[PDB]
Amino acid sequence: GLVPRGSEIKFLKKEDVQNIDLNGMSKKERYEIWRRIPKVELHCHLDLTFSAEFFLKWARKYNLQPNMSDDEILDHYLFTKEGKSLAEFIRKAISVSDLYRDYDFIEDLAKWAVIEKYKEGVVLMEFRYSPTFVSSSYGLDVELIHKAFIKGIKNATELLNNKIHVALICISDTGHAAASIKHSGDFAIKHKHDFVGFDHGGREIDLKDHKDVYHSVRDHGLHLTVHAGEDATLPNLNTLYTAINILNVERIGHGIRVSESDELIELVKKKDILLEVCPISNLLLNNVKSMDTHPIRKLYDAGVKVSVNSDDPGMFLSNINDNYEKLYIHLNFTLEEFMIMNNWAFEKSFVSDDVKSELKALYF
């Protein structure tokens, strides 16, 4: 194991919380506090998780843009600036899938994604990836892609003395055909011993006809989440009703448009569903007007279970603690409230009771 004994993060105890004075601190001092929260992260797409330095290493290795500067490369591929559309994010994400050229990239991606989460002070990390997104550009074999992610992750956890625990959620393909829908859980089910969860993302659409396949996947022991209530542009909140009542999910990725309906606020609380909130993602994809008006404040105060998440660190060049900082500055979130949401994330995690008992003894 590579990290020296006394250099492991000094995670915050219930009993360190009140001694912390956040308002006395610099930005840098405050970031060390976000780091010391023993974080359970529920919503992060591993296939778009990277640092700037990882991305440039691979862009140079693949000789992608020999006449661009490092900054021009980041500008060219990524989505770090306010003012642009969801469409353009979609386009650059597809542009990024051009690096999925071989299994060495995939392994190294997983390895560094774990290392960076570990360094952020994440102790329990649910990563989700799409087998179809990863295989799409170079026609990589989904079995070998899955083995490469598991291998990258396992070898990083070995290096870190299991100081971080990692689990995997499978993102469904997006075929519209009845028979492709029927078979969209096949990969997740085949690999049920590696996945703890099943998800659906992409275009926010009518998922009523995913009823049967969501049920089939839960009948095989996998937990259910779904992206719904993200897309500001939709004319109604049907997708959210569908998530909760037809798909019967345990959690919703984003769910921020639940804030717009007292009925939905009440239903979520009733069904004890957690909302996997991705503040920076929401701002960058124009799903909120500003961070000042992000509805996580309203949802939290209304008694809805919500957690903090990063979504796509690579695309946004923003990892988990950056999301904490945003909530602090713009919405007056306190350490106390962060600790409360983290505990719900822990409770709503899809990992085994055994991984949970081990982490409860440590931090909760």
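The first residue of the shown sequence is 1; numbering continues from there.
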property: Stretch exceeding the other in mean C-alpha B-factor - 200-208, 107-115; result: 200-208
property: Segment of higher mean CA temperature factor, 276-284 or 232-240; result: 232-240
property: Largest Cα B-factor, entry values, listed residues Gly152, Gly221, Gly253, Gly175; result: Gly175
property: Member of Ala148, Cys170, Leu86, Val134 with the greatest C-alpha B factor (per the PDB record); result: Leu86
property: Among modelled residues of the same chain, the CA temperature factor third for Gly303; result: highest
property: Cα B factor band for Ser130 (lowest, middle or highest third within the chain); result: lowest
property: Ranked C-alpha temperature factor of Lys27 among modelled chain residues, by third; result: highest
property: Chain third (lowest, middle, highest) by recorded CA B-factor, residue given as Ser97; result: lowest
property: Chain-wide C-alpha B factor ranking for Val123, given as lowest, middle or highest third; result: lowest
